Structure formats: C-alpha cells, structure tokens
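Okay, structure first, notes after.
Note that we place each Cβ from the backbone using ideal geometry, even for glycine, and neighbour counts take in every protein chain shown. Every number here is computed from the coordinates shown, using simple stated rules; none is lab data.
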Amino acid sequence: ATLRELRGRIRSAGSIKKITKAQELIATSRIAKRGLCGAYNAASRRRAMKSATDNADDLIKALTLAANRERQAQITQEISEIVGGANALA
Amino acid sequence: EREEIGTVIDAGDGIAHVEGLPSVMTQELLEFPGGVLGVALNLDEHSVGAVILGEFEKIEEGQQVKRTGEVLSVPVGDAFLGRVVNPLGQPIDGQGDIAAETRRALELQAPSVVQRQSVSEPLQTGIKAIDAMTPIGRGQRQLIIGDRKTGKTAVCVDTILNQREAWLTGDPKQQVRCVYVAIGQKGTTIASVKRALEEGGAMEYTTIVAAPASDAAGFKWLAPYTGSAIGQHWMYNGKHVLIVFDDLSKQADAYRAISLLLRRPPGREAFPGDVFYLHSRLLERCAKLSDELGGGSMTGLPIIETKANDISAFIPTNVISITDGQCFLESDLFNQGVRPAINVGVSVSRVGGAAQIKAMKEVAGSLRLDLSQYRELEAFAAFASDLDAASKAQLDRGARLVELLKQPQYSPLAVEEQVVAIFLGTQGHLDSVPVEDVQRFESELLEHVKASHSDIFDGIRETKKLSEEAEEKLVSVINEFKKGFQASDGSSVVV
Amino acid sequence: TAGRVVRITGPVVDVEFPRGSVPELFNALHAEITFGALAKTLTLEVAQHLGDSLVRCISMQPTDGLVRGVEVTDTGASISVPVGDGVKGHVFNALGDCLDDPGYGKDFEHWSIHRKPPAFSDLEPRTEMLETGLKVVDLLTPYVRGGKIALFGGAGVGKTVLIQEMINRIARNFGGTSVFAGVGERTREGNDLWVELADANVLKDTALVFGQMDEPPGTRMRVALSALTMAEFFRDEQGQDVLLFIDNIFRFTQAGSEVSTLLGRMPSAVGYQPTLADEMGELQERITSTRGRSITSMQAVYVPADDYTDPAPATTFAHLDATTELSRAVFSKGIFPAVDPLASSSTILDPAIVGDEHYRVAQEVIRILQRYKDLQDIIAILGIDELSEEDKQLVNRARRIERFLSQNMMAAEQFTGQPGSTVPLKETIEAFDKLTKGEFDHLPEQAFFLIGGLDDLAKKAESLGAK
Amino acid sequence: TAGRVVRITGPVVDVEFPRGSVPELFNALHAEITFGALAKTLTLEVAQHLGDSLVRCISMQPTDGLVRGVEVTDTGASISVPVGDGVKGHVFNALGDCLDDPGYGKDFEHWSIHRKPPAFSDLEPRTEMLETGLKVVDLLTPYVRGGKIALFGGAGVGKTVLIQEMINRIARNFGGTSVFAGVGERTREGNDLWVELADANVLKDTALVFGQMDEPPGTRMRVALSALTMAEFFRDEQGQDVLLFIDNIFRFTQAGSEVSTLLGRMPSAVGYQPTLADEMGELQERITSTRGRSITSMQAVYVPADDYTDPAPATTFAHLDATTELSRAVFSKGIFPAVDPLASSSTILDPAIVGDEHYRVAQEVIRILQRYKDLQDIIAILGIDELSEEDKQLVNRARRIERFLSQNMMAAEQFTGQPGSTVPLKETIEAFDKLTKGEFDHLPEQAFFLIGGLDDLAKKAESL
Ligand SMILES: Nc1ncnc2c1ncn2[C@@H]1O[C@H](COP(=O)(O)OP(=O)(O)OP(=O)(O)O)[C@@H](O)[C@H]1O
Ligand SMILES: Nc1ncnc2c1ncn2[C@@H]1O[C@H](COP(=O)(O)OP(=O)(O)O)[C@@H](O)[C@H]1O
Ligand SMILES: Nc1ncnc2c1ncn2[C@@H]1O[C@H](COP(=O)(O)OP(=O)(O)O)[C@@H](O)[C@H]1O
Ligand SMILES: [Mg+2]
Ligand SMILES: [Mg+2]
C-alpha cells in the first residue's frame, strides 16, 4: 500500500500546486488593480502563493523519487519471491 | 501407416510429457487418444513437453501419442466472414462447416522491411477523438490501452461498425474485413459483442476468433495468431484487414502460465524471457504491403488492460514500445463524462497526418494546441473575467472542443460528418453556442446538413477536401440553422 | 489393484499404483487413517500423473495420522455429490455428505462435480434489471436477472452483510431454487445463515453447501464445484430459475494457491499459482445462464489487502455482468453499504436498457462524485472557501449525494439497532434527480445519512430542525 | 565433427559435439529447419559450455520446425558482418545478411562483432568538441568528438530530419560516414527510414543495420555490436570519422535482459540482467576517438516510467556526453532544429573545454531564455501588458535569441527549396554575444527565422 499512498499524495500535491500557481497569477493581476497571505496578518498573497507553489513542486519531486524507489523495490521483491520459489522447486 | 509414436510419461494441469517421437518438430501438433490435441513446446533428450489444447482431463500416463508432421496451422478463406471459430479455425457458433480456401501456418514470417510501403490510407474509426487526434492508417498498429471499464472494447467495436459503409461500396480497395479476437473473455461477453456487431450489420465482413476464459491456456495463447493468420490470408490477396486483439494481456498471462508449467525460467512479473517476442512477432504481421505484393494491409488494434493506470508495467511497456501509437483511456475522464475517455494529452499516432484525409488534416490542425492550452488554463475557469481576452477565448473554445469530441457509444460517424463537426468546433461556430448544448447542436446540424444540404458531404467524400465554395455554403447553412436552434437556456445562438 | 501412499507432505499425497491401474485425473481415491483420535477415511483427488505409476493427489480432509504404505482405493470416478429436489432444505459439505442429517441423500442421483461449461452456441446475453430496493445498487450498479453479480471488497467492508441483504430482498420471494455455497468462510457465519434461513422459511427452497476456512485446501477448492453442480442440475434438469450465492469465491483461488508449490508448480506473480486464470475460467464459465435456463449468481469476491490490482480480483472482474465494489475509504467514513460509486459498474447501465432518465441521473451523480473526489485534497489543505462558487455548490451537493447513497439495510439491524428500509427504483431516480439539481441543498447533510426514501428524508430533516 | 541438437526450448538450443570439437563461446553455429513452410538456416550463438560436450546457444531466428538430432555445423568464428565501403547505401540485419539485396556483400571482408575497445594507452586523454555547424548545438550543447549524445523527443518534432542533418554534416564537413543501428526497429519505421534516406540522397552516405522488433532477443542484442563493427572498420581501417546512430539503446539493454532470463540467470535489481553494467560498458567503450579518428554516437534513450534512477537509464547515462531534447513546443513555433535549449545539456560546456568567451555567451543565452520561460505564464494568462518595461525588453530580446537558435538545415532543403548553412563556432559566439547585449532588438523578429550567421541576418533584415 506504500506505493498507492505515495501516488495518492503525488496527485494531491499536483492539484495543490495547480491551485496555488493559479492563485499566485491572480494575485499578480490584483496587485496591478481570506487568509492565504503568508505572514501578512501575523502582494503578500502573491509571494505566499509563489512560496506554496514552489513547496508543492518540491513535495511532488520528493514524492516521485520515493514512488520510484518503491516501484523498483517492489519489482525486485516480486522477482525475489518468484525466483526463490523456482529455486526451491529446482 | 507406420506412424512415429511416443508415450505419455506424465501429465498435469494442461501439460503432458511424452517419451519417443524422436523426429518431432518444435511446435508440432500432436494427437493424443480421444482426439485430443497438443503442441510440442519443450524438446529435450528425455521427452517432449506438450501443451494440451483441450480436454486435458482425458490424458493419462501410458497413452499413445502420434505426431502429425505439421506445425500449427489454420484454415483460411472468405467463408470465415460472419463466423465464430476457435483458435484452430473450428466453428463454435453451431452453424455448420466452414469451407476453407487454403491453410496457413500460424508462424509464417511477417512481411519484410522491403515488402512494405508507407502507411498512407485512413482507417476511419468513426470516433472523432481518434480520427482527429490520433489518426490510424491502414497497416498501422494502434494500441488501445486503459484500465478496465474505460471503453476499450467499445472503441474497437465502433471501429468495426464504422467499416460498414466501406463494405457496402463493394470496392475491395475501400472494403475492410474485420477480425475480432476474444482472448479469455466470458462467453456471454463474446455473445454480447457479436450481438452488437450483428445489429450494426458488421458480421457481413467480420470474423470472430474466440478463446473464452474456460478454454485451455494454449487456446488463449494461440488465438491472436489464428486471427492474424486469417487476416493475413486476406492481406496477401490485396484486401485490407482490421484485426482487434481483445486483449493481449490475457494472452500474455496464458503464455506465462504455459511457460511456468513448462519450468522455463521466469523474469520480471514471472514472465518468460520471450513474452516481448510473443507480442512483437504477433504485431509485426500487421503491415501495409507494397504494390508488388498487392498493396493489401492489416491494421492492428491490440487492447491492453492496465491496473491502476500503471502503463510502466511489463506487458503495457512492451506493447507500447511495439505499436505505432497509443490511445490511452482513463476512468477519471470517463467519470467526468468525457466519453470516449481518451486522454488526448498523452495519446499519440506516429503515422499522424499521413493517415488523415486532407479535409480532416485541415480542420483538425489547431485541435491539439487548442486542447493543450485549454488544459493549461482550466485552473483559471472561475477567474475568466480576470483573464485577458485571448485566454478567456481559449478557455471557452477548449470547453466547446472537449464537448465536441464527446461521442455516444455504437454511433461512429462518417469522415465527412466528422470533418463538418470539427469544422464547427475549430472555426468558432460553437462560440455562440452554450457549452452544455454543443453536443445536441452538433448532432442537429449534422442532421440538417444531411436532410437538405447533402452536397457538402458529397463534395467532402468524393474530393476528400473542403472546397472554398463548399465551405461558404456550409457557413451560410450553419448561420441559418443557428437562427433555427433553441438553446436549452432559451438564449439565441445567433451571431 | 490398489495403490499405496508413498509420500505425505501436508495436504498433498503421492500414491503408487500397479502399472495399468493408475487412476484417471480428478478421480476420487480412499485411504484409511486408523489412529483412534483422528480415525477417518481420507478422500484424495488425483491432481497429477507423476509417471512411473505415481499420482499426486490433494487430500480433502487433514492428513494427520496418515501412514506411508497404507492401501489406497480408486473409486473409478470423480468426487460426486447428490442432486435433485431432495438437496433443498439441507446442509452439505464439499463431498456431498449431509451435515444436518448424516446419511441423507445417499440414495439420490449423484453427479460428478467436474463438468464442462455450456457450449458457446447455447449462451445468450442477459439484459434485464433485477430490482433490489437498495438505492446505490439500483441507481449505479443495477443487477441483472439471470446475470452474474459480484460484491468486491477488502476484509470486513460488508460483503457478507450485503450478501445476506440480497438473500433477504431477492431470495425470500424467489419462485425457484436457491443454492448457497460457503467457500472457505467462517463456520459461525454458516450456522447464522442456516438459522436465519430456517427462521425466514427460505431454507426449504435453499441447498446449503459449506466448506469452511478451517478445512484443508482441497475442500476449499472443491466446495464451489459441489454447490455449482447442484445448481447446474437445477438449471439443466429441473428447468427452474436458480439463485446461486457464493461467499467467498476468492477462497477457491486462494486454496488453489496454497497447494500450488506442493504440486510442483513454479509460482507466478504475487505468489499465485500459474494456472490462476484458467482454473478460475473453468469454474466461472460454469456459473452462467443458458438460453431459457436462468441462473442469477451473486458472488462475494475478497480483495486481498484492499488491493484491487491484485491478480485474483483483477482476473475475476472479467467474469461479471455487474460489480458492486466496496471500499475501505467509504467504510471508514461510516457510509453503509460501503459502495464505491465511482469504481462500481454494471453492463445494463445504459439508456437503452434502463431508460434515458435513469441513465442521465446516474451519470450526473457519478460526475458530481468524481468532481468531489478531485476537490477533496484541495479542501483538505486550502479549505473550502478557496473554491469557486460553483465548486462550493457542487461540494455541498456531493456530500448530500454520497450520504443519501447510504441506506439502513435489513441485514444491518443487528449492528445499528435501526430497522432496514426498501426504496423503489422510481423513487430512487426521482430523489437523486432532485438532489443533483440542488433541491435539497438546504437540508443538513446529517439528514441524508442511513435513511430510505424521500419520506424518511423529510422525517429525519424535521428531527434535525429542517424542512 | 558436427554437433547435433539435443534440447530445444524456444530460442534456447542445447547442442552436443564430439569430445574435442566443442565450439568456443560466442561461436556461430548453423542448423537447418527443413519443414517446407518454415524452412530456414538457423544461426545459433554459443552462450555457455554445459560440460560433457554440451553447449547452450541462443538461436537468432525462431526455432519452430527444428528437430532433435539435426546436424549443427560450427563456423569457427563469432557472428561476423561484412565491412568495407560496400556496406554504405545498403540495409543489413544483425547477422550481416543484406535485406535490400539478399546475398550482397557475402564476398566482402568480414569482421567479428565481438571486439575489444582501444588499448588504454591508445586513447586520447583530452576531450574534443565536434563542431557540427549548427548554432544551437555548437553554442549551448556542444557535442564531444568520440562521445555519446542522448536524443529525446516524441514523434513529429523533427527527429528524423535532425538525424538526416547529422548524416549530411558528417559526410560533407568531416568527410565521414554514418552507420544507423535500429535496435528493436519497427519494420514499418525501418522501411520508412530506408525510403526517406534514399529520397534525401543520404542513403549512399550511411549503412543501415536493422535488428527488428519481431526477432528473437539474440539479434536485438547483437545488432548494436554489428553496426559498431562496421563503424569500427570505417574509423580504424578507412581512417574516417563515423557517426553511429543507435535507436533504441534501451532496447539493447532490454534484449540483454531477455537473453539473460532465457539462459536461466537470476535477475538483478528491477529485473535486469546481472551483467547490465558490463554489457553496456562493452558496447559504449568501443565508441571513442583513437589514433586521430573517432566514432561519435547519437543514441535514442528510453527512460522506463520516466524514472532516471532506473537501472537502464542510470547505466546508459554513465556513458553519455551530451543530451539533446527535441520539444514539440519549439517545433510548433517553426524553430528548426526543435532543440529545447533549456532541457538540452552538454558535459563539455565548461570554460576549461570550450573557452571562457563561449561559456559566458552560452550562460547569458541560458539566463535570458530561462527568464523568458518564467515570464511565459504571466504573458499567457494576464497579457504582456502587465509586464514591466524591463520585462518587455527581456521578452523581445529572448524571442529574438530563441528564433536565432533556429537554422536552415541541410536536410531541410528537400522540404523548403533553400539550402542549409554551416555557421563557424566563432561566428555563432559573437552573434549571440551581440544578441544578448541587445544590438539587434530593433530588427524584426522574422529576420531571425532559419538563417545562418550574421551575413544572412543582415541580408534577411534588409529583405524585410
Ligand atoms: N462512448 C461511450 N459513451 C457512453 N458509454 C460508453 C461509451 N463507451 C463505452 N461506454 C460504456 O462504458 C462501459 C465500459 O465499456 P467497455 O466494456 O467497452 O469497456 P472496457 O474497457 O473494454 O471494459 P472491460 O474491462 O469490461 O473489458 C460499458 O457500459 C459501455 O457501455
Ligand atoms: N450495512 C451495514 N451497516 C452497518 N454496519 C455494517 C454494515 N455492513 C457491514 N457492517 C459492519 O462491518 C462488518 C463487516 O461485514 P461483513 O460483510 O462481515 O464483512 P466482509 O465484507 O468481510 O464480508 C459487519 O460485521 C458490521 O459490523
Ligand atoms: N527543418 C525543417 N524544415 C522543414 N520541415 C521540417 C523540418 N524539420 C521537420 N520538418 C517536417 O516535420 C515533419 C516531422 O519531422 P521528422 O524528423 O520526420 O519527425 P519524426 O522523425 O519524429 O517522424 C517532417 O514531415 C518534416 O517535413
Ligand atoms: Mg473490454
Ligand atoms: Mg464476509
């Protein structure tokens, strides 16, 4: 279930990235003319959503690397089981 | 008649080991008592390992096995049209004998690299998404790949049904003979497919090779080759053939089963080291022959079922590498109402525009980029006012084009109708039409044009081009019909 | 001319026979265990001819106490079970012995449990809806009379409860014969079903065949064939409509995988036997209606580890006309039946068979739920307020729809304490048409949870202060 | 002294020889299938010595119709391919048989396909740049002489035209020749390539070696070595520069995996053959520069699951000197060759190799194009008006630079009547330095489409 969970997380992160990039562009437009504004309460929305888009990109990259490690490892483990059975039947 | 004989030395789950038969050939057909048939796959010093093609429970140690002196072969001829046969060419539809013109060995080599010519003739599927985005030419191998229940069989059946007008022309250069190979399918599923083909009058020109799920693994392994041999007989006689393999995943599973039972070394996913060879040998027989050999062709539509949409699995990877293009179907698109559920962003035809007629090539030129831009902009759907005019127009046009590519099942369209529909989409004639109405609008327009302006369709079909006069007449007809059309929200679609 | 045990390894026994007396494949042989505590008569099924007059067989009972060299007798035939109207109202094991009245059915006609499936020319596709009264089933996974229905799911998502629900709604008023095959499932569940059928007075029309999960692999392999042989007799000889329930068919496959390597077969992917699809094909293709002879079959299919890509359920999917796929995700939300509306399917859900209105409403429900699934991660991170107005409306509608697909079932009262309900198909279609238009958007979503029709909805809403 | 078939298991054939006549490893043996429909001569390749005078071999053709006990003849050598100038303009399979003219080249000199790389002392210790004359390649992703260039890009991006362009340039600029190795070649595409090269009139400059997809894994494994052997003859005996095209190298790796599985070897990680790295090294180390002559290779590389850490691409990229990615986006703009200047890379774009000025100009081009890519989304969604004036200046300059990376290619003369250009490296460096400095922003954009150096730029600017 590890690979399935990782793929679900990759899909979630991709959707979040798309939404945050759209919001960053909308904030760019609104600058020329809610609480997603970074440390504003504690322009700012544009920077916060650019940061969030970059963070989601990094998350997608890391999750994809983990997913590929898991995919390779599953192939290797499956082959190990198959060949172990074959050897024991040799 | 002084026959060479061997003896069954062991038998288990569809495999028999037979001593003797010193002169047996690799892949030779063998006869076991009770009219049981086997295939010699493993030849060694001690015995011959044989795949039993049916009634394995009849086999017993000590039974006499005879060699036939012949590798696997099947009868072939025109009489197989409209019939359902098993991978040995035997009818299973209960409709009597099939008169065979001749016999073909299943493993005859594919046409060579100098016995072909470039794929240049459209194989119209009648499905707008395919005929515009990933066109298929005669001689091409176009993989239909997707998860279960994504509409793969529906697309193949629609293609076969679309060949009916071509059949009725009576001209062998336009006619397409269809072979449907069912591998591992439930018998009533095959019956449903045949019923669908009969309703659309496709069994006139269609043969079904059936290897249902209850058949021996040998039959499932052999069925694609049998369908290929039947089709090849026509291909080498100047005919054009469309063969559907539904589906090659089941055939690979059957071959893996046989190989493991034969103790052949397993690799990734436990497949033998020649599964790629299995499918590539099958699919390279689909070809477009040169004029020296009669110019016939066979178009392959292998179907692959992915699990959780993992196209990097072993067998999908192999078949994707083998084929000339891929139609990826997706269940998420299917649930979104995008039917047929083809992912135009990842689907490809390497033959491309060479497989389209000029009119389709023209009207469909901008489709790919329009759809890509729409997919990029979809995030900004709710901010369309904030979008600049160009991006807003791109968003609206993409929505309308996505509606345009939708198609009901069992209803393929003629190439002229497809051209007119895509012309509506890509010439901005759907811009004034509400998205939710596009489909209906299109259908009605196509009805209208067929009722009173057939000359447009006639010009497109005869010339394969949309002339300037035809285009202007079509535009005026569109605007008049727009005056006539009632949007579901009541707003006029005029201007 | 008798054999003798040569090797014993768990449930697989090698038997040597005199040359010229090797039993045919699938023949039943008898061997004695004489140890007092475990004394019994083993039935062995011939699996392979190993050569040199040796056969590899699968024991039907545990081999504990079996001794090398003891006599093995060939019955000359396959395992055969009693058939006829007499099997109705009685409980049998995979070997045909009657459990509730031992010795009963000894004198009946007996049929071998190994049989070829119907000929292809005798097969007729079935397109006729079998209305259940369950909203989600009737709307999104309509069942087919005389067709093949499966309930897929991981462990403990409600396959058995839904099987009992379908016995309640379909078998109770059935005008034909019912066959229930317990394949490798809990003995307690079998006793519960037996008692419940006796209470409902459905037992008199039902033949029960049990091979429980505690039996050796051979029994779990053959019990389905035994039940199916009884059903086939009712289909082809008596010529009446038959209901066939199997819980759980996956056990068949699992049992086959448990003896595969002991039978000397190199394992396939994911540890399954190489013959997975072929054995499943034999069995499943026997489970079918033929022209004029109806078997409505309903199979519970266990999905190992909830992994729907697992080869067993993946291979099973091709054999069904309708599939209700149960989801752990839906279960954990408290939605019962835990049906995944997006993944489930039915071959008769198209306008031609079910009509334009039903098809349209079902497609709209699926589209809304798919969009909600797409939006769930965004709602989890950024919150709902960052959606567009239309997406917020769709999310509210989707939450109400997903809750309204849940239903208080008759078989679930033992768990909720709430009595069940039945919803007519027309009412279901109208209710979901209203829901997809937002006609109930003003009611609290908790008003839609585990109810029947629109009257139940109104009552619960008033109980919640809405209307 | 001839052997006999003892076991047949698909493409694996066990053969028994008399005690003292056992063939050496990798020897080519010949057997006959006499059944009329499938009649053929099988080539087996000795893979293992099983002991007791048995050898295990991989059949190069399907074994259907083979009979136990048939005679097996030892040729006394490994698979050997014809070599010489005669192989140019002709199509061969992995065994040296001519496909376009059966029997052709049987009298040529024949070289064994199993050869060692140049001796360690015979190698050139310093990298060199293969000046192609194409602006984009020369400036941003210079190719290494004797190195390996990965090529990427789906159908329809101008990949075949780029291959034809490189064939042209190696033939006309370096006086060299080309060898195309279709590893796991689709027969339709092999035929298409043959006809297209004949139409382009570059077939005479190139030898085609096809190991087709529908062949057993052995030929798909050995076809790359066969093409490499022809290229090695051209480099070492005819003293020519050779360009060796391999499509697809991943299919060579996968055919190796299939063979390894067929021979009963236990798979390594992710199912590949245990000797994956050794096989790839044996292939790739033969592609080098030695004694003043070089084989340069452009190799199509498939990446499973887009996973660059997958063992096959990971092993292949240990040997790759440059990467050229062809982008549908660039192609759609009419910029040919459609090389994606940002995704493409070269390991010799360093000051120490190409010089300081080249490095500086290339980095400036990359920076401008990257900033343009960043501004692209704003341009598309909010419009170019929203951008600051400096952003507009950068957009104009970057658009001119990216159009100037286009060129009129030799192979493009057959579609557009105009001939191609060869821009010297110094000219490209100075032209792009001026372009980055902003000395042509006034000139119209179309002036930069499909031209050579600065003379062409001035000519087209005045013609507009
Ligand atoms: N264009 C379409 N429009 C609407 N429904 C469609 C369309 N194409 C297919 N369907 C429906 O989708 C469902 C799946 O179709 P189909 O059986 O062809 O898919 P599949 O991928 O081949 O499935 P399987 O896994 O059963 O082989 C069926 O109900 C079919 O009627
Ligand atoms: N419709 C339902 N309503 C309430 N609880 C249910 C319902 N269905 C199942 N459950 C709970 O989940 C458990 C699993 O049901 P069961 O059908 O036995 O699982 P499986 O899917 O493994 O057969 C039940 O024992 C019950 O406690
Ligand atoms: N530099 C160019 N000038 C003119 N036309 C080109 C150029 N590059 C590519 N094309 C056209 O684009 C098409 C695709 O190019 P090609 O290299 O054949 O793609 P692929 O190799 O992927 O099939 C060709 O038909 C060709 O006519
Ligand atoms: Mg299908
Ligand atoms: Mg249960």
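Can you tell me how segment C:349-467 classifies by the Cα gyration tensor, rounded, prolate or oblate, using a/c under 1.5 as the rounded cut? Oblate, because a/c is 1.5 or more while a/b does not exceed b/c. Here's the list of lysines a cross-link from C:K426 could span, going by alpha-carbon distance under 23 Å and ignoring same-chain residues fewer than 8 apart: C:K135, C:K434, C:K437, C:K459, C:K460, C:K467. Please work out whether segment B:283-430 counts as rounded, prolate or oblate from its C-alpha gyration tensor, where a ≥ b ≥ c are the square roots of the eigenvalues and a/c under 1.5 means rounded, while otherwise a/b larger than b/c means prolate and anything else oblate? It comes out oblate by the Cα gyration axes. Taking every alpha-carbon pair under 8 Å whose residues sit at least 6 apart, segment C:349-467 reaches a relative contact order of 24 percent.
Here the relative contact order of segment B:195-295, from alpha carbon pairs under 8 Å that lie six or more residues apart, stands at 26 percent. Does segment D:139-221 classify as rounded, prolate or oblate by the C-alpha gyration tensor (a ≥ b ≥ c root eigenvalues; a/c under 1.5 gives rounded; else a/b over b/c gives prolate, otherwise oblate)? Prolate, because a/c is 1.5 or more and a/b exceeds b/c.
Ordering D:399-407, C:216-224 by mean Cβ neighbour count within 10 Å, with the highest value first, yields C:216-224, D:399-407. With contacts taken as Cα pairs under 8 Å at a separation of at least 6 residues, segment C:80-347 carries a relative contact order of 28 percent. The Rg/Rh ratio for chain A, using Cα coordinates for both the radius of gyration and the Kirkwood hydrodynamic radius, is 1.33. Here D:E124 and D:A155 are evaluated by their C-beta separation; at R0 = 35 Å the FRET efficiency comes out at 0.45. Couplings 3J(HN,Hα) of segment D:296-303, computed from phi: 9, 10, 10, 10, 5, 10, 8, 10 Hz, in residue order, whole Hz [Karplus 6.51 cos²θ - 1.76 cosθ + 1.60, θ = phi - 60°; x for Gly and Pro]. Peptide D:370-378 is shielded by partner chain Cβ atoms: per residue, an average of 1 of them sit within 10 Å of its Cβ. Each stretch of four or more DSSP H residues adds -39500 (n - 2.57); spread over every residue of chain B, this sum gives -11500 deg cm²/dmol at 222 nm. What the Cβ-Cβ distance of D:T41 and B:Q95 gives, at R0 = 41 Å and to the nearest 0.05, is a FRET efficiency of 0.40. When +1 charges are put on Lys and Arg Cβ atoms and -1 charges on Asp and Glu Cβ atoms, the dipole computed for segment C:80-347 relative to its Cα centre reaches about 260 debye.
The alpha carbons of segment C:69-186 occupy a box of 59, 39, 31 Å along the principal axes, longest dimension given first.
Considering the convex hull of the alpha carbon atoms of segment B:29-161, report its projected area averaged over all viewing directions, in nm², one decimal.
Mean projected area of the Cα convex hull: 13.2 nm².
Could you rank the peptides C:422-428, C:175-181 by their average count of other C-beta atoms within 10 Å per residue, with the highest value first?
By packing density, highest mean first, the sequence is C:175-181, C:422-428.
Taking the fewest neighbouring Cβ atoms within 10 Å as the starting point, the ordered list for B:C156, D:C57, B:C286, A:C37 is A:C37, B:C156, D:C57, B:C286.
Compared with the alpha-carbon gap, the fully stretched path from B:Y410 to B:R440 is longer by 9.1 nm at 0.36 nm per residue. Just so you know, the Rg over Rh for segment B:404-488 is 0.93, from Cα atoms, with Rh as the Kirkwood radius. Placing +1 on the Cβ of every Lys and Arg and -1 on the Cβ of every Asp and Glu, with no other charges, gives segment C:215-345 a dipole of roughly 100 debye about its Cα centre.
Across chain B, Cα-Cα pairs farther apart than 35 Å form 39% of the total. Here the spin labels are modelled as points 7 Å beyond Cα on the Cα-Cβ line, and at B:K58 and C:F108 they lie 3.1 nm apart. Would you mind getting me the FRET efficiency between B:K66 and B:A308? Use the beta-carbon distance for r and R0 = 60 Å, nearest 0.05. After rounding, the FRET efficiency stands at 0.80. Would you mind estimating how fast segment C:253-386 diffuses translationally, via Stokes-Einstein at 37 °C and 0.692 mPa s with the Kirkwood radius over Cα pairs, in µm²/s? D, rounded to a whole number, is 181 µm²/s. Note on A:16-27: average number of Cβ atoms from other chains within 10 Å of each residue's Cβ is 5.
Of the residues B:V348, C:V137, the one with the fewest other Cβ atoms within 10 Å heads the list, and the complete ranking is B:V348, C:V137. For segment C:389-418, the residues whose backbone nitrogen is under 18 Å from a point 7 Å from the Cα of C:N173, taken along Cα to Cβ, are C:409-411. Restricting the calculation to Cα atoms, every distinct pair contributes to the Kirkwood radius of segment C:219-330, found to be 15.1 Å.
Going by neighbour counts of Cβ atoms within 10 Å, the residues C:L151, B:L395, B:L248, D:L443 line up, fewest first, as D:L443, B:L395, B:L248, C:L151. Modelled this way, with points 7 Å down the Cα-to-C-beta line, the labels at D:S21 and B:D44 are 2.6 nm from one another. Label zone of D:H49 (point 7 Å out along Cα→Cβ, amide N under 18 Å): in segment D:57-72 this covers D:57-58. For segment C:78-183, the list of GluC sites (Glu not before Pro) that fall in a loop by DSSP and count at most 16 other C-beta atoms within 10 angstrom reads C:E128.
Spacing of the modelled spin labels on B:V475 and D:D455, each 7 Å from Cα toward Cβ, amounts to 4.6 nm. Of all DSSP-defined beta bridges confined to chain B, some 55% are antiparallel rather than parallel.
Residue pairs exceeding 30 angstrom between C-alpha atoms, taken from C:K392/D:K392; B:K186/B:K464; B:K358/B:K482: C:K392/D:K392; B:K186/B:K464.
Summarising the strand pairing of segment D:237-347, around 50 percent of its internal DSSP beta bridges are antiparallel. Here segment C:303-353 has an Rg and Dmax of 12.4, 37 Å, counting Cα atoms alone. Taking the Cα atoms of segment D:1-78, the ratio Rg/Rh between the radius of gyration and the Kirkwood radius comes to 0.93. Under a 5 Å amide H to amide H cut-off, with H placed in plane at 1.01 Å, what residues pair with B:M203 once short-range neighbours are removed? Answer set, sorted by chain and number: B:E198.
When the Cα positions of D:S80, D:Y272, D:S388 are compared along the charge dipole of chain D, D:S80 comes out farthest toward the positive end, with charges on each C-beta of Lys, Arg, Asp and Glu.
Beyond 31 Å, what share of the Cα-Cα pairs of chain D remains, rounded to the nearest whole percent? Of the Cα pairs, 47 percent sit more than 31 Å apart.
Mind checking which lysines have their Cα closer than 24 Å to the Cα of D:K204? Skip sequence neighbours fewer than 8 apart in that chain. Within the straight-line limit of under 24 Å, D:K204 reaches these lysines: D:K88, D:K106, D:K148, D:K159. Counting, for every residue in A:68-80, the Cβ atoms of other protein chains within 10 Å of its Cβ and taking the mean gives 5. Under a model in which nothing but the beta-carbon of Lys, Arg (+1) and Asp, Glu (-1) is charged, segment C:1-78 shows a dipole of about 120 debye around its Cα centre. Taking the helices alone, chain D has a mean residue ellipticity at 222 nm of -10500 deg cm²/dmol, built from -39,500 (n - 2.57) per DSSP H run of at least 4 residues and averaged over all its residues. Loop-located trypsin sites (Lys or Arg not before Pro) in segment D:263-334 (DSSP state other than H, G, I, E, B) with a sparse environment of at most 15 neighbouring Cβ atoms within 10 Å: D:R291, D:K333. Per the Debye formula on identical point scatterers at the alpha carbon atoms of segment C:80-347, with no solvent, log10 I(q)/I(0) at q = 0.17 Å⁻¹ is -1.45. For B:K66, a cut-off of 13 angstrom between C-alpha atoms picks up these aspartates and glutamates, skipping any fewer than 8 places away in its own chain: B:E1, B:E3, B:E4, B:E19, B:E28, B:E31.
The Kirkwood hydrodynamic radius of the protein assembly as shown, based on inverse pair distances between different Cα atoms, is 35.4 Å.
Placing unit charges on each Cβ (+1 for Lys and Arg, -1 for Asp and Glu) gives the protein assembly as shown a dipole about its Cα centre, and among D:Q418, B:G295, C:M213 the Cα reaching farthest toward its positive end belongs to D:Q418.
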